[PDB]
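Two forms, one chain: they're shown below as structure tokens, one block per form, named structure 1 and structure 2.
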Structure 1
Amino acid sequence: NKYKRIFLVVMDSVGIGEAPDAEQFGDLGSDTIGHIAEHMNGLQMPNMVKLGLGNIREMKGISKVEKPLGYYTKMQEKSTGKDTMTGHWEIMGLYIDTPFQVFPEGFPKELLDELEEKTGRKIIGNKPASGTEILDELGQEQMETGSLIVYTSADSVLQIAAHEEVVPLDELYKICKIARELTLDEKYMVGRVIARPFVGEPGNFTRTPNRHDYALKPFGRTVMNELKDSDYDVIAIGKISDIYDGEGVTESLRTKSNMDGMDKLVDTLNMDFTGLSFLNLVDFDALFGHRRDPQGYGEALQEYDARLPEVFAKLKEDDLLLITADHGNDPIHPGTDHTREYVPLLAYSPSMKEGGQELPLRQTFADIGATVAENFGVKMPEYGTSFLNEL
């Protein structure tokens, strides 16, 4: 081991400019950070800048430094998707030719009519919403009419909510299994169908622990599996566990927000492990990119950066911090979908005594997993070139 512990931080959707193949994704002219910096009239990110963010690309408020703390570069995506699952799966060593649909605004009618025709039920909703907001909005119409409440979040999830006194649990699961088979289709690929039973009465509904999830496991063995199987530690913080459907996860830390995520990261800097601590910061995407809010997005970027000194304070000489993104989601770019963009890569360790340097442009996100695996001496991923030897 060159490093005892590796802290990997995905800043969900924080893209650094349109990818060479953006045209194929309708993302011509996309620039997540750059457009935010323009809207912000200068972005304030002194710590990322210190790590070398501006040395990768110079943007409003983000200028390059003379002696960066870490190593720096951009990564190009190889997989044919720009969704969260595709990104994370690539990062951990896989190549995806069948990508997932994000469905940021809900589902096409033909999929839902097929599910009506297959279930004997009618469907209401079909909108992006939080669990409790849709139950407040449509929970009573569910009870009275017997319709299925079908909704989504920002990412590749199809949720079906129904009252346990109106749709028995067994009928609900049966319906989700149908839905899961129907969305096992490249045109309708969802990553997770979720059964969302609720009880209570109108104006006072509660989701129950009878939630079941129909998720797709990563298309292959990830670097996470290789770590877990050689008895390393794989700590999953935030959506990470969901994203990889538990594959290769040894411990799991749920989080309610970007700040809560950073708090959990600091907790892990405070535990004895050997392996990988792996955090997703999802708010940039869920709260800001999909709501096309570049101001709140700038504010969250600055807020996140303000947490980095706390991280710097806990890093040991044999720790490596890696900071990246899994796609873009430019809040100025048309519509609410993700954007096909390069993602930044920063690599810092306090054992980089005379600072870092520009890494060659990473050809696949899988270069991260390759680096993680070369470090711990487990099975190398099928795709990806390790950059550990440059560090």
Structure 2
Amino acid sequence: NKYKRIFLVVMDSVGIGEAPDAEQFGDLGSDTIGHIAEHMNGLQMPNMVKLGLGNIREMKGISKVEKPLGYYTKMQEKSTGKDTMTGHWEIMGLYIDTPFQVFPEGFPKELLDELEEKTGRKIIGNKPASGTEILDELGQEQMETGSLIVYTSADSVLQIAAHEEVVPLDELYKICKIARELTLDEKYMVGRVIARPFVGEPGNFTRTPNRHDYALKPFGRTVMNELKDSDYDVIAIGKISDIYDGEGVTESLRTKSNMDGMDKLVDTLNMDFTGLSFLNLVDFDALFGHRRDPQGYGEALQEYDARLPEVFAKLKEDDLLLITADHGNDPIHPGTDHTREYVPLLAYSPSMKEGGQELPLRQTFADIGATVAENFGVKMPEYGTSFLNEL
């Protein structure tokens, strides 16, 4: 093998400008990093600059360098969707024709009626809301009627909330399994069905740790699947394991923030393993992208960049670092959904003694999976062109 360990970092939603097909998604003028850089009056990311982020595209405070540490380019998404599942599944060697849906006006009547008819329970709510806001509004009604609080977020989820003393956990889990079967439908395909049990009284409701997720498996066997079957290590950090529904994962590390995510990346650098370490930094998307907060987004990027020098110091000669994104989420853009954007790609190894160069534009996210697969000599994915030999 050329590289013993590959460390892949997904900076979630950190796009680098509108894709060629952005108009179809209503995403013209979208530019995640660029608008953040403009808002911040110059983004302070000297370590990403040294890798060659500005060499991909120059933005305010992000300039190009003569000798970048590693190789640089951007990737174009080939799959139909701009959601998290689609992005991550493509990265690992798949092509997804059927996009996952978001529901800013609530779920369609047809789906809710069929869920009512199958469960024998009424449905209240049907709108985007946080866990705290929806329980204060409809929690008391739920307790008194025995109905189900169905709600969503800015992402592709269907959440069902019910009181543990009123609706038993096992009954709530069975309802979510039915909801999962009904949402395996093109008209209303959700990425994740989430059980949201809660306890307490009107005025003081609290969500219990009895939360259960019901996700879909990737539409095809991934490079992660092939690595695991060939006895390689596949360490998932953050929400990576959940996104792939555990497929191809040998070990999973839970994180609570971006800084905690970088701590667990440092933990894997200290581990004697052979294979892939896979990190997702979710804060960019969940906290700032969807909430349209360019200031908080900007600060988070600067906080992330300041952690990189320690990562550079720990990388060995046979280690490869890959930094990318799964889609865009422009914090200065209409609505609450993601943006169809190019994603940056940086590939760095300390063994690159004379630095890196420009790679050809990656026509699919699957080029990463193809590179990972060729490196470890496992079955090549159906989609993607490896850039291993260019490095």
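Each form is matched to the other, and the largest set of C-alpha atoms that superpose within 1.5 Å is called the rigid core. Residues are numbered by position in structure 1's sequence, first residue being 1.
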property	result
Selected hinge residue, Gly26, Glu186, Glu201, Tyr214 [rigid parts, motion between the two structures]	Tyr214
Smaller rigid part, angle turned between the two structures (C-alpha superposition) in °	20
Core superposition result - C-alpha of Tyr173, shift between the two structures, Å	2.0
Core-aligned Cα shift of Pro99 between the two structures, given in Å	1.3
Core-fitted comparison between the two structures - CA shift at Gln357, Å	0.2
